[PDB]
Amino acid sequence: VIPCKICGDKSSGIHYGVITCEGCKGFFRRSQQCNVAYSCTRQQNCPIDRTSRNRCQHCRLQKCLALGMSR
Amino acid sequence: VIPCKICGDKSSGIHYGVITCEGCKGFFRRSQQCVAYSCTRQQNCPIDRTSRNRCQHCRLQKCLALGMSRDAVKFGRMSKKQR
DNA sequence: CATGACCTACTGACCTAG
DNA sequence: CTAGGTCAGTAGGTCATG
Ligand SMILES: [Zn+2]
Ligand SMILES: [Zn+2]
Ligand SMILES: [Zn+2]
Ligand SMILES: [Zn+2]
């Protein structure tokens, strides 16, 4: 009904300040527990949709942080 | 327990959207990384466990024909609505 | 060289404590 | 209602072998 702000999949609620799906919510929580560092093999700006969200963890985390997800 | 849709070997899960063995899974990924594959026959070779490496064109051909694609990837367990 | 068995490093549907 | 935890799940790296 309401799409995830990060990837556009079916959202499940407001998680860490942003309407996200369960995948982006779990992905972001795991990134903030270890203080992750990802690197983009491409142009530092890869489209984050439902099927591409796992192809760059750097740009997925970047989308989460830019739209205000915080713990 | 489910035979590989490409070659009939024991599959190890759903890879790029298709139930495949470890061999066809790694073969498809390498084919997309790169790519040239030519068939010395009529582009119709049977793909089974013993013959899967004899013609790479017909192996990748079968991979794509069954829908193997980086867009068909799905992680996690399967949903209640899929049982 | 390419192949594929094996292992790592994750992914996300589902549930409960709060 | 939503963190957080669980565990059934997979991409992809390795490298001895084909
Ligand atoms: Zn999402
Ligand atoms: Zn990227
Ligand atoms: Zn196979
Ligand atoms: Zn052939």
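All heavy atoms count here, side chains included; hydrogens, waters and symmetry mates do not. Per chain, numbering begins at 1; letters A, B, ... match sequence-line order.
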Rounded to whole angstroms, how far apart are [atom1] on [X] and [atom2] on [N]?
| X | N | atom1 | atom2 | value |
| --- | --- | --- | --- | --- |
| A:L61 | C:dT11 | CG | P | 11 Å |
| B:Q32 | D:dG12 | CD | P | 11 Å |
| A:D9 | C:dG12 | CG | P | 9 Å |
| A:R55 | D:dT10 | CZ | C1' | 15 Å |
| B:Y37 | C:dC1 | OH | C1' | 11 Å |
| B:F27 | C:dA5 | CZ | P | 15 Å |

is_close_aromatic(B:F75, A:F27), centroid dist under 6.0 Å: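 They do not qualify: ring centres at least 6.0 Å apart.
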Using atom types as modelled and distance alone, determine if a side-chain donor or acceptor of [X] lies under 3.5 Å from a backbone N or O of [Y].
| X | Y | result |
| --- | --- | --- |
| B:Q32 | B:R29 | no |
| B:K5 | B:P3 | no |
| B:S51 | B:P46 | yes |

Which pairs would a plain distance check flag for residues 57-64 of chain A, meaning a side-chain donor or acceptor within less than 3.5 Å of a matching protein atom at least two apart in sequence or in another chain?
unit_1, atom_1, unit_2, atom_2, d
A:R60, NH1, A:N54, OD1, 3.1
A:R60, NH2, A:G23, O, 3.4
A:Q62, NE2, A:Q44, O, 2.9
A:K63, NZ, A:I6, O, 2.6

Donor + acceptor pair across side chains of B:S11, B:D9 (<3.5 Å):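 No pair is found: no donor N or O on one side chain lies under 3.5 Å from an acceptor on the other.
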Estimated bend of the helix from C:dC1-D:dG18 to C:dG18-D:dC1 (axis per five terminal pairs, rounded to 10 degrees):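 Comparing the axis at each end, I get an angle of 20°.
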Anything under 3.5 Å between a protein N or O and an N or O of nucleotides 2-5 of chain D, put it in a table, one pair a line.
unit_1, atom_1, unit_2, atom_2, d
D:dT2, OP1, A:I14, N, 2.9
D:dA3, OP1, A:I14, O, 3.2
D:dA3, OP1, A:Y16, N, 2.9
D:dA3, OP2, A:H15, ND1, 3.1
D:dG4, OP1, A:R71, NH2, 3.4
D:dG4, OP2, A:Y16, OH, 3.1
D:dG4, OP2, A:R71, NE, 2.7
D:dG4, OP2, A:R71, NH2, 3.4
D:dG4, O6, A:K25, NZ, 3.0

Using only side-chain N and O atoms of [X], determine if any of them is under 4.0 Å from OP1 or OP2 of [N].
| X | N | result |
| --- | --- | --- |
| B:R59 | C:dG4 | yes |
| A:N54 | D:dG12 | no |
| A:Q57 | C:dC10 | yes |
| A:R30 | C:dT11 | yes |

Residue pair A:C40 / A:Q43: nearest heavy atoms and the distance that separates them: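 Taking A:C40 first and A:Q43 second, the nearest heavy atoms are SG-N, 4.0 Å.
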